Amino acid sequence: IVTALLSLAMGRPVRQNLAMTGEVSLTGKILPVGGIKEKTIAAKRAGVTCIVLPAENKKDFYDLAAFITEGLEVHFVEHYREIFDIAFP
Amino acid sequence: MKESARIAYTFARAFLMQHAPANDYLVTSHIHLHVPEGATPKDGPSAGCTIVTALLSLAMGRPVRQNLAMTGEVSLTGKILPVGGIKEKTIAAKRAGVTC
Amino acid sequence: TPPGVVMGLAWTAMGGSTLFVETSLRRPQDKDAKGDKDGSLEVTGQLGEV
Amino acid sequence: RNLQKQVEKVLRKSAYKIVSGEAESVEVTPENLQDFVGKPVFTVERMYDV
Numbered sequence: 860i861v862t863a864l865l866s867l868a869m870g871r872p873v874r875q876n877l878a879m880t881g882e883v884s885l886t887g888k889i890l891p892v893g894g895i896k897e898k899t900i901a902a903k904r905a906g907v908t909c910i911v912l913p914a915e916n917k918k919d920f921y922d923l924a925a926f927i928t929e930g931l932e933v934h935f936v937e938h939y940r941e942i943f944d945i946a947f948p
Numbered sequence: 810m811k812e813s814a815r816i817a818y819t820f821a822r823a824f825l826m827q828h829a830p831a832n833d834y835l836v837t838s839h840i841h842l843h844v845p846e847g848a849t850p851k852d853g854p855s856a857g858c859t860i861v862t863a864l865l866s867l868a869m870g871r872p873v874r875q876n877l878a879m880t881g882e883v884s885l886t887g888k889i890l891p892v893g894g895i896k897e898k899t900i901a902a903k904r905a906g907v908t909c
Numbered sequence: 760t761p762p763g764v765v766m767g768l769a770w771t772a773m774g775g776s777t778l779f780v781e782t783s784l785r786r787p788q789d790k791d792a793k794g795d796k797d798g799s800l801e802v803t804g805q806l807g808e809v
Numbered sequence: 710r711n712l713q714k715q716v717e718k719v720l721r722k723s724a725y726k727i728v729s730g731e732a733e734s735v736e737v738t739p740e741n742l743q744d745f746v747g748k749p750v751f752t753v754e755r756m757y758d759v
């Protein structure tokens, strides 16, 4: 939602096919989110290819089987300032 | 519906101002709108596109092409989404003098 | 669409799904370059209160 | 109750390593532990530090 507004606040395209998620906390720190495995599978189904996830969740994502992680290129992050700077290079 | 009519309204207000900047009617004038009852609620949104065009006609003051039935759901940038029940809707329009 | 969408994955009751999120300007922006009033949201989508 | 679930899980997994598996005497060590009971869940460290 945050980058949903900021894109519109500049007219800038978002980088192509780059799903994201996580919660923000009124100062830009991001927080862990549940359901990670089914989320990433759904992201695989739609052809997404640059998924972004909270850094504090990272430990779970590497429990996944190798073919699931094939072709995705996750960029873990912790504070929202990073997500903005990969989303709008 | 009360939400879906609203999203259609915002898309109307967006489309027009992107299209015809000088005209400002729809941004600033109260508009009463009637939606006759009859849709089954899960199929209720199905008529969403008609609202998006109705408000536009009230702006331009130009009637549609006549006997031009039309349906389909709308989302905030006009990406029409699939709607069900094509059988009954088609046969119903066929008896109303529908052309297109 | 370049201005206003970003894919959002979500864990609905039956498996994941790739929701979009969509927004739009609701009015002309610069009727008053100097008059100062905040631009509030109108959220929709059958939201829960949280 | 929840710790009661954990220690059970650890023990019975050790039993599986005994009855058919390799070791005749499993030796749990904290470095070993994440094997048996999986990855750590909580790390309740305060988010902000400054």
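Chains as they are written, first to last, in the authors' numbering: chain A, 860 to 948; chain B, 810 to 909; chain C, 760 to 809; chain D, 710 to 759. Where is the CB? At the ideal position from N, CA and C, for every residue including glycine.
Which complete alpha helix (DSSP H) runs does the segment 820 to 891 of chain B hold, if anything under 4 residues is left out? 857 to 869
If you measure from the beta carbon of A924 (chain A) to each beta carbon in chain C, is any gap under 7 Å? no
Taking DSSP's pairing of strands, which residues face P913 (chain A) in a bridge? Answer is A:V936.
Using a Cβ-Cβ cut-off of 7 Å, state whether residue 689 (chain D) counts as contacting chain A. Lying before the first or after the last residue shown, residue 689 (chain D) is absent from chain D, which here runs from 710 to 759.
Three-state secondary structure assigned by DSSP to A814 (chain B): helix
How is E731 (chain D) classed by DSSP in three states: helix, strand or coil? coil
Best match in A:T886, A:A902, A:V883, A:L885 for proximity to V933 (chain A) [C-alpha to C-alpha]: Taking each of A:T886, A:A902, A:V883, A:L885 in turn and checking the Cα distance to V933 (chain A), the smallest one comes out for A:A902.
Less than 7 Å between CB atoms is the rule here; does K888 (chain A) satisfy it with respect to chain D? yes
Measure the Cβ-Cβ separation of residue 732 (chain C) and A772 (chain C) and say whether it is below 7 Å. As shown, chain C starts at 760 and ends at 809. That puts residue 732 (chain C) outside it, with no answer to give.
Please tell me whether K918 (chain A) has its Cβ less than 7 Å away from any Cβ of chain D. yes
Considering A925 (chain A), what are the terminal residues of the alpha helix (DSSP H) in which it resides? In the DSSP assignment, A925 (chain A) falls within the alpha helix (DSSP H) that extends over 925 to 928.
Can you confirm whether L865 (chain A), when its beta carbon is compared against all beta carbons of chain C, has any partner nearer than 7 Å? no
Does the contact criterion of 3 or more C-beta pairs under 8 Å hold for the segment 887 to 900 of chain A versus the segment 787 to 796 of chain C? These segments do not touch.
Report yes or no: is there a C-beta of chain A within less than 7 Å of the C-beta of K748 (chain D)? yes
For the segment 816 to 829 of chain B, which residues have a beta carbon sitting closer than 9 Å to at least one beta carbon of chain C? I816, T819, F820, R822, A823, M826
Establish whether the CB of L806 (chain C) and some CB of chain A are separated by less than 7 Å. no
Does chain A have any CB closer than 7 Å to the CB of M766 (chain C)? yes
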